[PDB]
Amino acid sequence: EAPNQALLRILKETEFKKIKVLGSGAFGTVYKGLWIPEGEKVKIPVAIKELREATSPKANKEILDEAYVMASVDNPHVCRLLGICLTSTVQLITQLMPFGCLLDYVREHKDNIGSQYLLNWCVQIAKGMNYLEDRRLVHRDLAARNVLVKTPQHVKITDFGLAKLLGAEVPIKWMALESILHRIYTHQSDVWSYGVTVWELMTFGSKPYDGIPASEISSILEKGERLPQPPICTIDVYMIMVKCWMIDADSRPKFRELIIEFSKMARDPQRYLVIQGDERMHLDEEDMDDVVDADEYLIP
Ligand SMILES: COc1cc2ncnc(Nc3ccc(F)c(Cl)c3)c2cc1OCCCN1CCOCC1
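Given below as structure tokens:
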């Protein structure tokens, strides 16, 4: 195994000025602010994950594990960790993804989202996940909700609190069968989740096996049932989703194939997704002359 010489950066607290919450509840409190790497004269829009203040030795492990992963990836379609802050509870700082999670985005923008964007998105996650495969990380929690929007043309995967190395040693509806029955997890289990995610976006944000309670899923799937073809979907596309849902995992597409196949489709997107009124579809404060995007903020 290669050594991991990622650098973990430790950020002071005087180094950044929070400016509004975004996501309390569930587990923590994703805020949003601005990071001014002192002695640089740049401000970086950032989000900051200071999970539920309660500093129970439990969750400090879960978050440093996240950070460990995030510090160690580096690729345009995956969210990298900028640094962490060690204040009382551990804050996780990262490039702000201003337009939120891809799920909310589709749900909130149905009547304006084109095939070109839908397909492009799939291209981008397939890339993000292939990068993770190159680095041998099994994501284990791919979902619309864990993909973020930097701009409508630029999504990036996220949430690695469950990420792991292939070989090493709970969201039912996104999980490959062999994961539900025998907690086996591969890049090919990720591909299934990809299929489910793709199905999420084609349905503008539906909920997979809406209704069906989790305990039944394992049976439903063994029976041979899958998610239905969404309306806008050509058979060519539904066929990819379904190929992601084959029992014999080796028979599922590889992410590099998915990058390829959707990429083909994205050149002529109207032939692959039939959307009403496709052709006609189009998708900050005080001092900011110094703002630079994390993606443009690099270090040696
Ligand atoms: C503007 O919306 C976001 C931008 C974001 N930009 C970057 N990162 C986010 N989340 C995130 C995800 C994983 C991480 F490890 C870290 Cl450090 C941050 C972001 C989360 C964001 O929103 C999360 C979904 C908001 N809901 C709103 C209702 O309450 C629950 C959460």
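Throughout the sequence shown, residue numbering follows the deposited numbering, covering 697 to 865, 876 to 989, 1003 to 1019 in sequence.
From the three backbone atoms N, C-alpha and C, an ideal C-beta is built for every residue, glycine too.
Locate the alpha helix (DSSP H) running through residue i, then write down its first and last residues.
{"i": "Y813", "result": "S811 to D830"}
{"i": "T903", "result": "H893 to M908"}
{"i": "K929", "result": "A920 to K929"}
{"i": "residue 998", "result": "No coordinates exist for residue 998; the numbering of the chain passes from 989 to 1003 with nothing in between."}
{"i": "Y944", "result": "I941 to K949"}
{"i": "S885", "result": "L883 to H888"}
So, using beta-carbon positions, are residue i and residue j closer together than 7 Å?
{"i": "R832", "j": "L788", "result": "no"}
{"i": "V819", "j": "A972", "result": "yes"}
{"i": "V904", "j": "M825", "result": "no"}
{"i": "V834", "j": "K860", "result": "yes"}
{"i": "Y900", "j": "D942", "result": "no"}
{"i": "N756", "j": "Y827", "result": "no"}
{"i": "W880", "j": "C950", "result": "no"}
{"i": "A822", "j": "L964", "result": "yes"}
{"i": "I715", "j": "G729", "result": "yes"}
{"i": "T790", "j": "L799", "result": "no"}
{"i": "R836", "j": "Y891", "result": "yes"}
{"i": "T785", "j": "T751", "result": "yes"}
{"i": "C775", "j": "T847", "result": "no"}
Between which two residues does the beta strand (DSSP E) containing residue i stretch?
{"i": "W731", "result": "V726 to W731"}
{"i": "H850", "result": "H850 to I853"}
{"i": "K745", "result": "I740 to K745"}
{"i": "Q982", "result": "Element bounds for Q982: n/a, residue is neither H nor E."}
{"i": "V843", "result": "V843 to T847"}
{"i": "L718", "result": "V717 to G719"}
If residue i sits next to residue j, beta carbons under 8 Å apart, how far is it from one beta carbon to the other, in whole angstroms?
{"i": "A839", "j": "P877", "result": "7 Å"}
{"i": "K739", "j": "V726", "result": "Their Cβ separation, rounded to whole angstroms, is 19 Å, which puts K739 and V726 out of contact at 8 Å."}
{"i": "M987", "j": "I938", "result": "So it is not a contact: roughly 13 Å between Cβ atoms."}
{"i": "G917", "j": "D761", "result": "With a Cβ gap of about 34 Å, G917 and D761 do not count as contacting."}
{"i": "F910", "j": "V980", "result": "Actually they are not in contact, since the Cβ atoms of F910 and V980 sit about 14 Å apart, beyond 8 Å."}
{"i": "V742", "j": "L792", "result": "5 Å"}
{"i": "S921", "j": "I886", "result": "Actually they are not in contact, since the Cβ atoms of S921 and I886 sit about 10 Å apart, beyond 8 Å."}
{"i": "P1019", "j": "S811", "result": "In fact, because the Cβ distance is near 41 Å, the residues do not count as touching under 8 Å."}
{"i": "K737", "j": "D1009", "result": "6 Å"}
Minimum length 4: unbroken alpha helix (DSSP H) runs contained in the stretch 733 to 789: 753 to 768
Where are the alpha helix (DSSP H) runs, 4 residues long or more, that stay fully inside the stretch 951 to 980, in chain order? 961 to 973
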